[PDB]
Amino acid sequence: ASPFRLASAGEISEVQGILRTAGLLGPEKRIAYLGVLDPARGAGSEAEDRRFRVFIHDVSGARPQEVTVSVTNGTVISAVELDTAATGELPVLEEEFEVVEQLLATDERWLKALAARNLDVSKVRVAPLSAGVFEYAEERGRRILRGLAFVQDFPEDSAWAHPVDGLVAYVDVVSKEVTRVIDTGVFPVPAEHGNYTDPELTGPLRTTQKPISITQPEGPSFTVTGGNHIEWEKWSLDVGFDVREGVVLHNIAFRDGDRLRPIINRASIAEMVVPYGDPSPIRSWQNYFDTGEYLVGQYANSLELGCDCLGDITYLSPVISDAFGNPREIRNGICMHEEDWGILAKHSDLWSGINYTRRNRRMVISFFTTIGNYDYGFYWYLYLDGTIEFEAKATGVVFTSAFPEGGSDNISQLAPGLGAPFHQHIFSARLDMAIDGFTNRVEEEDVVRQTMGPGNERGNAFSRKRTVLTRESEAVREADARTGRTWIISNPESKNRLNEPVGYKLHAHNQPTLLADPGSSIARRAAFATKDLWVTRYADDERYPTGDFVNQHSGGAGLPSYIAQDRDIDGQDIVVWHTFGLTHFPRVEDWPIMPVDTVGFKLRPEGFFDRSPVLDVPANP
C-alpha cells in the first residue's frame, strides 16, 4: 500500500479512538481540522508511518491543541496547547455558522434595527463571515464572527436578492455574546426577486438544444490502482485530498522511454483570499480566506453524472472527519475523465507529399466547493504534450448590498436598488518542484529589445535574457506582460541531449494582484497576494503562504517570514508559490446567478525532452 493513499474511514476511527483514550478528545472538544501528513523527505525506504495532524477546539473556552498521531503504531506523537491571541484562531466550525443568526434573533439591539425596517425576524437570514483583525481591542483572543443580514420572503426564495444594508453585527461564538450591533442608516431592501428557477423569471425554457453524447465504448485510457494512483498517457501521479486544500496532486511524473522522470513533487492551491473593495464601514472589513479560514474541501459538492461531469466518469469519494471524529464520506466528490482537445500537431508538406494530423487529449481532475453564495470549481489538466494547467471556475451568486441613490465608485448596480461591491478572488498555487529530481533552480526570462545599429543593421533582431534567482531574498518577483516575462524551473545537473539543463516554463495570465493599499490590514494578512511569484527553500513546516492559523491572525505569517531566512535556492530543493486571481467588477449579466469566469496558469516543457514527446501518438481510429 502506497503511503500517499487517501485517508480511510478506518484510519479516521483509529485517530478518534487514540485521542479519546489519551483524554484529548473529551466531550467538550471539537476536531476543527484533520488530515494525513506527507511522508518526510527521503524516508521512502521504508516502513509505513501514517501520521495525522489534528486541530482540537474547546467549546467551553479552554485553549485548543495541535496534535499529531501515528495510527500505524497507535499513539499520540505530540500535543501542544496554543495561545490563539498569539498564533491565530483555529478554522471556523460548521456548527458556529448558525449560532450567529440564532443568537442575533434574541438580541435587543438587533431586534430594534429590524423593527425600524419593518422586517419579521423570522425572515432574516444572517451570513456568518470571518472577522479579520481591525481596530477593536476587545476581539484579540476572542473567537469573533461578523454577520450581514438578508431577507428571505418564503423558504424557497433567494435571500441574496434582498440585502439589509447599513446593518452589521459582531458575535463571539464561544461565550455566545453579541459584542456590537452597528446601524449606520436605513436602506430600502431591494424588492425584485432573484429566483432563477421561477418560470416567471426564466420565461419558457429552450427546446432548441439537442443532446451531445460523449462515450468511451471501450472504457477510459487511464488506470487507477491503490485507490488513487493514476497512470495516463505516460503520466504518473497520486490524487490526494485534504480537508483544507481540497484535491492535492502528488508525485507528478512522466515516463520518458523507460525512465519515470519526476516533474512536481506536490501541487496544491494552498490558500485563497476574497477581498472586497467597498469602503463603507458596513463592509470594509470583509475579506475571507476560504482555504485557511473555512477549509474548502469540507464543503465539496457531490458531483452528478451528466450534469456536473459528462462522459465516461470515474469518481473518488474522499473521507474526512466530522467535528467528533466520525468518518464522513463525500460521495462522488472528485471527477476524473479524459477529454478530446482538438488538434495536437498538423502539417501538410508540399515537398514530401505527407499529410499528418494528430489529435490532442487532456485528463481532467476536478472538484467543486460551495461556501455561502460562492461556488468554486478547481480543475487540473494534464495534456499529451507534457503541459500541466490549472483552472479555477468561479460561479454562484454575487454578494450584494444596497445601491446608493447617488451611485458609487466601488459598487455596481445589478437591478433597481441592488448593488454588488467590487472584489477580487485570489489564489496561491504551491508547487513543490521536482524537475528530474530535487536539485532545481528558477530563472526569470524577459524578452530583450535590440537597437538598430552595428551587428543589427536592419533593426530586426530581438533576444531574451534569463536571470537566476539564487537566494530567497531575491525571489519575490512581479509580472511584466509587456516583456513577455515567464519563469523557468530547471535542473542544472540533468541535461538533455543538446547538453542544456532540462526545464519547465511557467506561463502566468498576468492579472492584477492585490489592489488594497499596502498599509491595509488585508495587505499584511495576505502578503502573498501582493506579488506574482515567490520561491522558497523547501521545509516540512512551511506549508501555507499565510501560516497554519489564518483566522484572526495578525499579518506577517507565512511567506514574508519564510523568505527572511534568505536561504540558498540555486540548485536546491525548492518550492514555487504563484499568485493569480480575478478582479471582479460585477456586471448585469452576473445577476441573478452568474456565468462561470476563469483564471489559471500553466507549465510547459522547455527542453525537458530530447524532441517532441508525442511522436508515438497514433493516427486516429
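Residue indices: 1-based, along the sequence shown.
Comparing 606-614 with 13-21, the higher mean C-alpha B-factor in the PDB entry belongs to 13-21. In this entry, 105-113 has the higher mean Cα B-factor, the comparison being between 510-518 and 105-113. When the Cα B-factors of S463, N301, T215, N287 are read from the PDB record, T215 comes out highest. The entry lists C-alpha B-factors for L582, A32, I569, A43, and the highest of these is at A43. In this PDB entry, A85 carries a Cα temperature factor that places it within the middle third of its chain's modelled residues. Ranked against the other modelled residues of its chain, the C-alpha B-factor of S130 as given in the entry falls in the middle third.
In the deposited entry, the Cα temperature factor of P27 sits in the top third of values across the chain's modelled residues.
Ranked against the other modelled residues of its chain, the C-alpha B-factor of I563 as given in the entry falls in the middle third.
Looking at the C-alpha B-factors along this chain, the one for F438 belongs to the middle third.
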